[PDB]
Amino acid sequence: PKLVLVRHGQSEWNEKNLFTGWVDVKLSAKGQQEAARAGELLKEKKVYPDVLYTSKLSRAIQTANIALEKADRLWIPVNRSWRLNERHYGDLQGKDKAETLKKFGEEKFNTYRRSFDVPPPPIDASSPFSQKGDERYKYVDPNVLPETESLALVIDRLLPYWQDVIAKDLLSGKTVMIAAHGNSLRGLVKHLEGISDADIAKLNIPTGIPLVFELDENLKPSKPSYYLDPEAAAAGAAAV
C-alpha cells in the first residue's frame, strides 16, 4: 500500500508568531502557494491518491483542496477526523511565542514546545481560545476533547483512527493521502518508523512537500519514506 502525507504550510498566526494548536486559523498567502506546490508535486511524480483524510482544521483542509486542484484529483472521497488535528497547545493557544519564551525561560519553553510527554498548562473553558463547545466537535464524547496535549497524548488519540479507518483503505489497496499538521504527522511517522521517544523531538517535517511511504502487508515501511522534492525537503528549521 502507498501512503502520502502532506503538512500544511504557514498559517496566518504562524506569520504573526502566535501559538495556534486547535484555534481554527486560515493559511497565509505563502501557505496557499505551498499547498499549490504540493499538488504540482503529486502530478509531476504521478502519485494519485484514491482517498483523502484531513483533520477538522481549516488550514489542513484548504491545503488539500488546493493540492488536489493542482493534481486534478478533486473528485476523490473525503473523510475528516478530530484525531488528525494538531496538538492542542493548552493555555499557550493565542499567545505570542517570543513573549512566552521570555516569561518561561528557554528550558520551560523548549519542554512545552518539544518534550515528548510534558504538556503545556491546560486552557480555561472561558478562554476565547478554547474549543470547548465548538460546533465541529459536537458529536464526539465531550469528555475526550483535550484541554492541553503533549506529543505522547496526540499519538494516543491518533492511533485508533489509523488502526481501524485509515488502515482499512490501505489494506483494501487504495493510495491514501493525509493532509494534517506538524505534531499529528510527527506522531504517525514515529509509529511507522519506530523512532524512539527521545529522538522524535528532533524530527521535523517540511511544510508543503509530500512525504511518501511504501508499506507492505503489515503496514510497515518496505523501503525508507521519501519526499517528492528531496532537495527542498527541509531539515533546516522553520521555527520548530
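Numbering starts at 1 and runs along the sequence shown.
Could you settle it for me: does 148-156 or 106-114 have the higher average Cα B factor in the PDB entry?
Stretch with the higher mean C-alpha B-factor: 106-114.
Do the CA atoms of 126-134 or those of 159-167 have the higher mean B-factor in the entry?
Comparing averages over the C-alpha atoms only gives 126-134.
Which one, 52, 180, 27, 195, has the peak C-alpha temperature factor per the PDB entry?
Going by the entry's C-alpha B-factors, 195 comes out highest.
Highest Cα temperature factor in the entry, among the options 44, 34, 214, 69: which one is it?
Across 44, 34, 214, 69, the entry lists the biggest C-alpha B-factor for 44.
Would you check the entry's CA temperature factor for residue 203 and let me know if it's in the chain's lowest, middle or highest third?
Residue 203: CA B-factor falls in the highest third of its chain.
Please say which third, lowest, middle or highest, residue 100 falls into when its CA temperature factor is compared across its chain.
Its C-alpha B-factor, which the entry lists for residue 100, ranks in the highest third among residues of this chain.
Lowest, middle or highest third: where is residue 77 by Cα B-factor in its chain?
Within its chain, residue 77 is a lowest-third residue by C-alpha B-factor, going by the deposited values.
Check where residue 11 lands among this chain's C-alpha B-factors and tell me if it's the lowest, middle or highest third.
It falls in the middle third of the chain.
Grab the CA temperature factor for residue 23 from the record and place it in the lowest, middle or highest third of its chain.
CA B-factor rank for residue 23: lowest third.
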